[PDB]
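Scroll down for the structure; my scribbles are underneath it.
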Amino acid sequence: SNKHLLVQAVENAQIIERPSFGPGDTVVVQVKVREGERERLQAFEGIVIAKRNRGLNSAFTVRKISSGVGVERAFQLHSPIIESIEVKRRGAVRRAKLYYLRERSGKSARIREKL
RNA sequence: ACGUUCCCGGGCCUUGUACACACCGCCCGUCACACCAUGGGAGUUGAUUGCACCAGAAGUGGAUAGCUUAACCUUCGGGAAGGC
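Numbering (the UniProt record's numbering), first residue to last: 2 to 116.
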């Protein structure tokens, strides 16, 4: 919509189907990784602090704690790097952007389950 | 050449000594040059620890947003218990 019609025509082809999901829910993402001559898939599991929907340019940021330090990656929804996305756990958050979780470390960081 | 007061040496009695190769003795303290152990010393670097907090893995215990329910009860709808 926001883009010109000629641009929209190009974007529609790039669009790829993917399970819809909400903010603040634990998700597992499969990322293509190149080790040279071989291909592998790496699993990234984390709570989704922030999401932005822009049609083709939609992006979601996943935050996970590894060895006591958090890691945040702003994954691209429609990129071909992302082989698949699945929702391990669904949570309810008052606000779309969970930027208070960065300050939170342990017991506070957790998000209540949504039923 | 009165005389023993003195310079020197020698005889005896007593006295004090930290001296005994014996006063031509023994022996004290600073300064100078080395080497040793140590005290204070702006600090530098370790070990162990008092107290006040943050923290909340697995485990057990109270309670239930909720989910799956073999033993017994069932009016076969379910109840009882139990697990997550």
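Cβ atoms here follow ideal geometry from the backbone N, Cα and C, with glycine treated the same way.
**Q.** Given residue 45 as reference, the closest of 6, 14, 62 once Cα atoms are compared
**A.** Locating residue 45 in the first sequence gives position 44, counting from the first residue. Nearest C-alpha to residue 45: 62.
Q.
Between the alpha carbons of residue 110 and residue 16, how many angstroms are there, rounded?
A. Numbered from its first residue, the first sequence carries residue 110 at position 109. Numbered from its first residue, the first sequence carries residue 16 at position 15. Using only the alpha carbons, I get a separation of about 33 Å.
Q) Quick one: Cα of residue 53 to Cα of residue 103, how far? A) By one-based count along the first sequence, residue 53 stands at place 52. By one-based count along the first sequence, residue 103 stands at place 102. So the two alpha carbons sit approximately 18 Å from each other.
Q) Considering only the beta carbon of each residue, do residue 97 and residue 113 sit closer than 8 Å? A) Position 96 of the first sequence, counted from the first residue, corresponds to residue 97. Position 112 of the first sequence, counted from the first residue, corresponds to residue 113. No, these two residues do not count as a Cβ contact at 8 Å.
Q. Between the Cα of residue 64 and the Cα atoms of 56, 14, 75, 20, which residue gives the shortest distance?
A. Within the first sequence, residue 64 is the residue found at index 63, counting from 1. The shortest Cα separation from residue 64 among 56, 14, 75, 20 belongs to 75.
Q) Does DSSP put residue 10 in a helix, a strand or coil? A) Here the question's residue 10 lines up with position 9 in the first sequence. In the structure shown, residue 10 sits in a helix (DSSP, three-state: H, G or I).
Q: Measure the Cβ-Cβ separation of residue 85 and residue 31 and say whether it is below 8 Å.
A: On the first sequence, residue 85 is found 84 positions in, with the first residue counted as 1. On the first sequence, residue 31 is found 30 positions in, with the first residue counted as 1. Against a cut-off of 8 Å, the Cβ pair of residue 31 and residue 85 comes out as a contact.
**Q.** Supposed close pair residue 43, residue 60 - CB separation, criterion 8 Å
**A.** Position 42 of the first sequence, counting from 1, holds the residue named residue 43. Position 59 of the first sequence, counting from 1, holds the residue named residue 60. That pair is no contact at about 18 Å.
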